[PDB]
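# Geometric and topological summary
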Amino acid sequence: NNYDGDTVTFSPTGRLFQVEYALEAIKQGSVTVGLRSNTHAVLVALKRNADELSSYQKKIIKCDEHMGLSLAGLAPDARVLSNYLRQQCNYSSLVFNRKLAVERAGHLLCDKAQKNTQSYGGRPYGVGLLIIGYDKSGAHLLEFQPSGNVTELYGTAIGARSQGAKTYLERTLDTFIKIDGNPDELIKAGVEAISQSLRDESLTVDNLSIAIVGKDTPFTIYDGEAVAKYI
Amino acid sequence: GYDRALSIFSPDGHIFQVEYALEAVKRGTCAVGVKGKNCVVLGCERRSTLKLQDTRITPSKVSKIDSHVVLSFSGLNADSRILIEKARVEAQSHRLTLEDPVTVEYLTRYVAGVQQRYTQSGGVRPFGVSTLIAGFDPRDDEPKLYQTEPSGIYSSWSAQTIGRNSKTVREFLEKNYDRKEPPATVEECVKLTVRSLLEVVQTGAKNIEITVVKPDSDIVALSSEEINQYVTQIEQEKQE
Amino acid sequence: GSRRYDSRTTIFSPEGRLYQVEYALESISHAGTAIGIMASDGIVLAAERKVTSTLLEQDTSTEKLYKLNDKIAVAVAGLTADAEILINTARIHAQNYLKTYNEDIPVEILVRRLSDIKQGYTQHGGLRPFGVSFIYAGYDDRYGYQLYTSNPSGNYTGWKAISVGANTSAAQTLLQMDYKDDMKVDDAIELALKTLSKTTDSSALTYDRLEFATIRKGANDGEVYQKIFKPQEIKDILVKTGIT
Amino acid sequence: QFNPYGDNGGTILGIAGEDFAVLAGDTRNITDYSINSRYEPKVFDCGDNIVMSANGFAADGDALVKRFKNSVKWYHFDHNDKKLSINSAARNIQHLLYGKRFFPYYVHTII
Amino acid sequence: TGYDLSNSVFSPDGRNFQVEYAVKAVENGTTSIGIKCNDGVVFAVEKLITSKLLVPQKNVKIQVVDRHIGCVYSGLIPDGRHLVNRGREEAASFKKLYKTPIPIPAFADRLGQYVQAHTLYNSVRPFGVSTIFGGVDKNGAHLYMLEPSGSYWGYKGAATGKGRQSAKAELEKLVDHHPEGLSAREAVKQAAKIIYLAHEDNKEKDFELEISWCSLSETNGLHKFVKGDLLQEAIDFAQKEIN
Amino acid sequence: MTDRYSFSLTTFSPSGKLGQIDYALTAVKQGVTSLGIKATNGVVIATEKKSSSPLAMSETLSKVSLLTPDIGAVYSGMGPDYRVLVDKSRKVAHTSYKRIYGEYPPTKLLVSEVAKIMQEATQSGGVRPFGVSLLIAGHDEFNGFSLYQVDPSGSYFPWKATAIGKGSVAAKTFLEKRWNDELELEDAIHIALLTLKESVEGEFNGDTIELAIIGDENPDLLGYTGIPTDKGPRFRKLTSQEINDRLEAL
Amino acid sequence: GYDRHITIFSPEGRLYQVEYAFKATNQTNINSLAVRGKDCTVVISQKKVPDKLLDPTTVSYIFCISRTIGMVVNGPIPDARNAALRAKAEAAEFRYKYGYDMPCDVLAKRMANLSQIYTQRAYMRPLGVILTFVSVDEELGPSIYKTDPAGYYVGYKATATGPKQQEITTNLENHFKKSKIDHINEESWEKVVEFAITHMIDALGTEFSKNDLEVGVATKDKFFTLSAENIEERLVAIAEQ
Amino acid sequence: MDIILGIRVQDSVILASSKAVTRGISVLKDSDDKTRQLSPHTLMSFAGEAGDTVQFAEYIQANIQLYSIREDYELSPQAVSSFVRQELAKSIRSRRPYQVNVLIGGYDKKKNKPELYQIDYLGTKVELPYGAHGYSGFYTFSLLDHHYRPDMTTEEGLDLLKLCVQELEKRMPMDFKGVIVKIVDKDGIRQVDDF
Amino acid sequence: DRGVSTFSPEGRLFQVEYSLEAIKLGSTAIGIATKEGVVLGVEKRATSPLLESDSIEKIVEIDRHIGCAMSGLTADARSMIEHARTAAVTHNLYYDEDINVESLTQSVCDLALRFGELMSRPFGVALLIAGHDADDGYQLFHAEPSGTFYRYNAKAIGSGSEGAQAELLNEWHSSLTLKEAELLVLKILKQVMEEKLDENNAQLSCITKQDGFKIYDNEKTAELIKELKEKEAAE
Ligand SMILES: [Cl-]
Ligand SMILES: [Mg+2]
């Protein structure tokens, strides 16, 4: 009310309203799902269009050969943060000849988002990210929120009506975690998970966006006729 | 450094500071530009509440940017000096690097660009000035007349007016100026410019300034007696 | 952050006016009146000191009239402290021009630059404008004797006779009445004092409440002399014109 | 005084056919009259069917190859996984080399 | 009024309301504790299991500074991470110049001064964390608790977060019943119990226990996490005490 | 972080007033009375030593300060603002004058430099005006003895005699009656003590009154001998005993 | 009313932020006292440790700035430590630049000038503390100099600070009226500490244990704080008289 | 670059400047004009380091032309020479100085007098009845000491100048490919096409 | 007042949302993409009849293979175009090739959010960027001041946008010829324009692989206007 003019101001109950309003931009964004087994990690993203004449907004971004994310909210802020991740992944490779740990990737994003919530003039990032990766300690899935809070998970979903997919994964936890050495079945579980967040619309060929990374699988994105198999 | 965003959008999609700069232009003394077949004429109002003035040394309303281009304005006088100075420097800088004087379009585009930069730079307010830039391109006999405004938009005009009561003189020019047949001579072009100012001015004594620009850097400012002859001629024909 | 406390000194009103410039002019209208009168053979600068105290040291004082170089002087109306900042800048600018071209600065060039500085404070930087109006009296070989004025807006204009500060409306009417183009310096001296004597808010105009200066070609052959009047010299000129 | 350059020796050779191309190089690395390694490769697969070698001062050569490999990577990110053509790679390498015009990479580069 | 809208503004009381508002964010956060012992310190924290989908043991909240200092915090988790990142820089520059690892009181002031600096200007926000930290140095064991104002003191036991009063009451009993001292292995077990007892103030979601420790004898003066058999032993001890 | 206050905190109000300068002058009005009188062969400056507590040593707090060997200063208003101004005034006398010309500045020019500093606090970003009025007495070879007042605006005026602060209106009236152009220095000190007794309420002695003069050169106070041209400081602070001697024949 | 939020003048010539910083001084509810002997300067302060979980050895408002200078603060600990760290740095730098130990009164002036800047410059707030500096200066002898948020400072024969400051002040005033001298006419510092504690007991009307007080003593060439047992020994001496 | 001369007579200033531009063992050009018009009644000839000469000349030209537009007034030859001297005086203590020598020939319309200024790359200004830069002076100065008179006409000045060029063509080692001659007077600047 | 980079309670940047209102006040611009080319057309909208309409430059060349049409505060577009042109030429210098249309659009959109307390406010102008490259063929992009860009088969921006977009929805198909697309822009412009459409107050352009980006002459557009009127009367 009087305490939401900028990010530098606390409310009387100890809340940062500008950070909460940035969190609200994620809820308006299109649904995206993340899940993993022990061998692979999968991102499934429902892309959104302006109208029938427009293209469908690309949700998934590649950060390295072994890491990438899906976005929900302000797409330009996802571009800034993914570009920062690309640089940090790349710094780790050039200097240390070392693939950046997915856990460190999260720690770096957390600290970058935080600085914007404590200084006058700037603003919080208006986007949530689901980072998947395969590193030296196996498959990983992370959930980034622009408050700074990063969380490692077996599965999750963010965006509009994400609670439907998140409940499904909470039931399916024991099944999909043991889909080892089988990419297609892990994707099928992710496609079935995102389907629980659909209302009126269904998954079409140029609407669905899938990405996968794993043991002997680089981070690759599937769009168009390549995802027709999973409808 | 002072960083404040002074020029910003409002809920209805307007930049009020730019629009309020247009009000400062509307307050300013009237300026008119009329281009003929082989010339351009820049007419300017001078308010007559100021007597005991020294017209020798008082800053003239029409300023030379180079030997072939001129700039008149309406709005804040102090702001206009800053634009004129920058334009004069750019004119010489263009001669130095391109080995050719500026076109009237290029000089206008530069001045308009400066005006635009002050509508989205931190710490600054927009220029409270609209300009009429007139002249002839190098080795060219086609007359050029351009207008700029605080927002930074610019465009070419067959004839145009700016400043206080400019909507009255624009109404006059819209019916009196023929596109198919512009003022064929210098005398015809000056007369139409003086006529248009006489709709607004008050008296035709030391209130009207006229500056005629012709091809190949041929610019001259008319004196009181020379302008007074047009005023005397128009009033006698009017009584009919 | 600090946005909360920003007055926003360099913005337009809805009417298209600069708030701070208008209010700075309102400040200047309460300052002691300063008059400039330009004659054919010289210039007069006259100025009324702001409500003098009897224990003020008058002979070793400088409030209104300041020397910029040998050929140019200024009369001040407004904040003295602000004026001194601008004066020392103008003094430097004159010497930079002399150093560069080996010629004394033309009056208009000095005036324009000083006026351009004032303009800057109204368009950018977020600072308050200078609460000062100048009357510039000077001579050069191009235009001869010249009177200018500048104000907090940074706008300057040339004049034959002009007043700044208090009661300019009344003062300008009286100058407009009695001024003529073939006037001499000694006549202009008399006009300057008579105008102050009528427009003054004091009971009677005296030597101790005035600063006075002339710029004549009254030196020996084709050269300009600046005369900042002493107290006794103001006392004598006031008796000579029949005011006291 | 400190000399920032050195000569690591070796030699490289590129030949172009009708539907193929070879880039060869010996595996010996040296300083003065000593052998440093009998097998230290200096011809590298950089991706997009581009092979590269920068022979001369090995530190500068490794740095350049490393930077070009990285240039290929960022070309994919910034231009929708587009294949870097050999002619485009060549022009990109000119800018890498000329960027150090006044403190150059002491290498003869072949792609 | 309006004295609470801007940081670094004194109210007519002499108070900085923005700092007091940051304390509310700390009070909202999960419970974290610190226990000083014979030859070291023990840290513990409550991790709320929001969902089955959270990977157990893989959202680590306790952080190490240098090799000998442990830091835990309650409130805004990112603000705590920012403070630890500074702590690591301060500890690094100390060791760089002075060779020896940073002493705990020295380290405590480096954070204190940095946090206090964020109450001096309206262009910055105060920290939304209370930080419990400490370790072992040349002079022995030290436990500290730092607050949003920049205020810190040494402690025998420290607690902050939603269940701070429950934890404080339980800590006060340990200080009274063990005047000669508490051992390191005991303090780990007690830490577990106090987190389980303090969980009664946050009992909608069930939780995950995380403990760490520095001890001159048990960990050789270095900061380590409590894992495996020693962790499960402490959990079982805590489970037995609630029933 | 960083100083985001890059804008003026003193601005013109619709009436043409500079609010913060007026309010700074109000703070000077609240301040303790100080005065200055100019004689033919000297200048005197004086003020009351308002003690914050009787336990406080009023000797350690110096309201009358040496700026150069021939220039002194006294104030009314906020003491901390005065203290920093004296530090800056002393330094500017060296940097902008003595390091250039090899001699101390004349009174009028040092006053001008102090006035500049006070004007800048009226216009610069993120600062308030100084809450003091200064009285600066001094001597220099070509101007002789002189006395100046400097206000929060940065304006300065030369005075034959004046007073500032609490009871300045009454004190200025008293000085108008007693001041003439033939006053010797001792006569001016006598009048200064008479004028100051009116405004002081409590004790009136050498321990509660601070008084200094700008008079003849003091070779004894120089610290060395051998250079004939160097004859010593004209500024002298009167001792507690020296004041009490003149209070008996009052 | 934004003239109460930042350090600019109000219509009546006042700086409200400075005045509110003075009220922050008493937020800790602690009273301090300082007196001078022949050879020494003693400073005493109340020590209140409410929480049982606190380590009482780390609870202190007295600071060792340099070897010769000590400082007691009345105000919140973060601002106290801010001022202490700065004073320590200033005292060290002075010694390095000018080749001798910074005097107590010069450090007081320097910290006062810093405090003055916060009252004039807008972006910096005042520190809500009153700093009392004590030493045995090699030129001026036993010295007490005190600084506040306004940037004011002055030397003292003796002084007191805190909520019940006025009661302590008048108690000391009445003693110096009687003794007819500027100091405590006493040879050893031990008895000057006993004087300080005794007159604080009389003024405040409370008794003190060893853990209720905190004592700092300045002698020639060193300033040092007393331990709990050093104070206990001192309390026993008062009780047996 | 090499030969630049100047002669001030009664009513005009005459500037002669060599046409050759040599680099190495090749005369690249034999028709080069080593001068710029600064204003309608002020001409500046130049000689020195390659590149620097033209870069400096055009830079000065731009500044004087800018002044002329701003004030609607021509600067006096004395004023232009002082401006040029100061630019060279700054230059000499720069990281890389302009190695350019100049002659400034102008007609002062206020005094009705021709004026010739000689300024070297250090910023050393002198007003002279006749001037030269480089090795040229070693022949021409002594020649002009003898033959020059202050009251000469422009035609007498051109014959006096022909005498200098003949001497330089006889005794100079390098072929400088003749000179371009320009006259500065009350009517402005004009070029003598047949020399 | 309030911060420039502030979020609303709904999760949108105030200044970005307000700039979108400015774009709605602007003159209409329409783009249609086909397999034979991309057509760009604009409403000139002269404020007075004395204004020489040919000087109104609202369609602009970025490179030979990329064109651009604008709508809103058109003065703000000058620096965006300047950046696009530099980006396009710079890429050709570094890589000896034409730059992808998408990569150019991305480079322009990176400027969009570089504002705050960098420039003082968002841009008040939307751009239609049309082009061709070897990889993805004929493309049309809509670049907003939010920093977002969408590819479109067809798109209208400006004051008549919502009415024109609904018309484009029905009329567009994947087999449209270039000639068909030219007439369709003229048709839809004539429907949403206030004043009557002619060669002087409207301007057409296209980009083809063969001939590159070309702004049409007033003589060429006039014949397409005459061809359009005859075809509508024919049924
Ligand atoms: Cl200081
Ligand atoms: Mg020479």
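So, how was this worked out
Residues numbered from 1 in each chain as written, not as in the entry; some residues may be left out. Chains lettered and ligands numbered in written order. Part of a larger assembly, values for the part shown. Heavy atoms only, no water. Buried < 20%, exposed > 50% of the residue type's maximum accessible area, 1.4 Å probe, protein only. Helix = DSSP H or I, 4+ residues; strand = E, 2+ residues; numbered from the N terminus. Pairing = 2+ DSSP bridges. Axes fitted to C-alpha atoms, helices over the stretch in contact; angles between N-to-C directions. Contact = heavy atoms within 4.5 Å. Polar contact = N/O pair within 3.5 Å; in protein donor to acceptor, adjacent residues only side chain to side chain. Salt bridge = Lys/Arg side-chain N within 4 Å of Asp/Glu carboxyl O. Buried area = accessible area lost by both parts, 1.4 Å probe. Nonpolar A, V, L, I, M, F, W, Y, C, P; charged D, E, K, R; others polar.

Its PDB record attributes the structure to X-ray crystallography, giving the resolution as 2.80 Å.

Quick look at the pairing of strand β7 (residues 156–159) of chain C now. Residue and element names in this part refer to chain C. Both faces of β7 are covered, namely the face carrying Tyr156 and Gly158 and the face carrying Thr157 and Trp159. In this sheet, β7 lies alongside strand β6 (residues 144–150) in antiparallel orientation, the contact comprising four bridges. Its bridge partner being in β7, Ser150 is matched across the sheet by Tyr156. From the end of β6 to the start of β7, which pair antiparallel, there are five residues, and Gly154 there has a positive phi angle of about 90°.

With that settled, the discussion passes to the sheet that holds strand β7 (residues 100–108) of chain H. All names here are of chain H. A sheet is described by the order of its strands in space; here five strands give the open sequence β5-β6-β7-β8-β9, paired in antiparallel fashion. The strands lining the two open edges of the sheet, one partner per strand, are β5 (35–39) and β9 (125–127). With strand direction ignored, the average angle separating the axes of adjacent strands in the sheet is 20°. Relative to β9, strand β8 (residues 113–119) is paired through three bridges, and the arrangement is antiparallel. Across the sheet, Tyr117 pairs through a bridge with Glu127, a residue of β9. Here helix α2 (residues 77–91) sits on the sheet in contact with β5, β6 (42–48), β7, β8 and β9, set at roughly 5° to β8.

Turning our eyes to something else, we now look at the arrangement of the chains. Across the gap from chain D to chain E, with no contact made, the nearest C-alpha atoms are 28 Å apart. You won't find any contact between chain D and chain F; their C-alpha atoms come no closer than 34 Å.

Moving on: the pairing of strand β8 (residues 161–164) of chain C. All names here are of chain C. Side chains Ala161 and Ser163 of β8 all project onto a buried face; the interleaved residues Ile162 and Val164 project onto the opposite face, where all are buried too. Direction of pairing for strand β1 (residues 34–39) relative to β8: antiparallel, over a ladder of four bridges. Bridging across to β8, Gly36 finds its partner in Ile162.

We now examine the side chain of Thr35(H). Residue and element names in this part refer to chain H. Structurally, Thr35 is set in strand β5. Classification of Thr35 as buried rests on a relative accessible area of 8%. One polar contact links the side chain of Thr35 to the main-chain carbonyl oxygen of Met44, over a distance of 2.8 Å. Once residues lying within four places of it in the same chain are set aside, the contact partners of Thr35 are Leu43, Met44, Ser45, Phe46 and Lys182.

Counted by the stated rule, this structure contains 88 salt bridges over all chains. Residue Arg91(D) is joined to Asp96(I) by a salt bridge in which the shortest nitrogen-to-oxygen separation is 3.6 Å. One end of the pair, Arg91(D), is in helix α2 (residues 86–98); the other, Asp96(I), is in the loop between α2 (77–95) and α3 (101–112), on a second chain. Take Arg91(D): its relative accessible area is 25%, and that puts it in the partly exposed class. The class for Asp96(I) is partly exposed, based on a relative accessible area of 35%. Through salt bridges with shared partners, a single network forms among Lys191(G), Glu194(G), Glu233(G) and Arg234(G).

At the junction of the two partners, chain I supplies twelve residues and chain D supplies 13 residues. Interface area for chain I against chain D, summed over the two sides, is near 1100 Å², with a carbon-plus-sulfur share of 40%. In this structure, the connection of chain I to chain D is made through three salt bridges. Between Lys82(D) and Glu97(I) there is a salt bridge, with its nearest N and O atoms 3.6 Å apart. Where chain I touches chain D, the interface holds nine residue pairs in polar contact. Taken together, the elements giving at least two residues each to the side of chain I that touches chain D come down to α2 and α3 of chain I.

Where interface size is quoted, it is often the accessible area lost as the parts come together. Counting residues at the interface gives 39 residues for chain C and 31 residues for chain B. Where chain C abuts chain B, roughly 3000 Å² becomes buried across the two surfaces, and 56% of that area is made up of carbon and sulfur atoms. Of all residues in chain C, the largest losses of buried area upon contact with chain B belong to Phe12(C), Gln123(C) and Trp159(C), amounting jointly to 23% of the total for that side. At the junction of chain C with chain B, the criterion picks out two salt bridges. Salt-bridge contacts for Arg4(B) lead to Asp6(C); the nearest nitrogen and oxygen are separated by 3.6 Å. One can count 15 residue pairs in polar contact joining chain C with chain B. Of all elements in the fold, only α3 (107–123), β6, β7 and α4 (168–178) of chain C reach the threshold of two or more residues within the side of chain C that touches chain B. Among the residues making up the side of chain C that touches chain B, the classes are represented as 14 nonpolar, 17 polar and eight charged.

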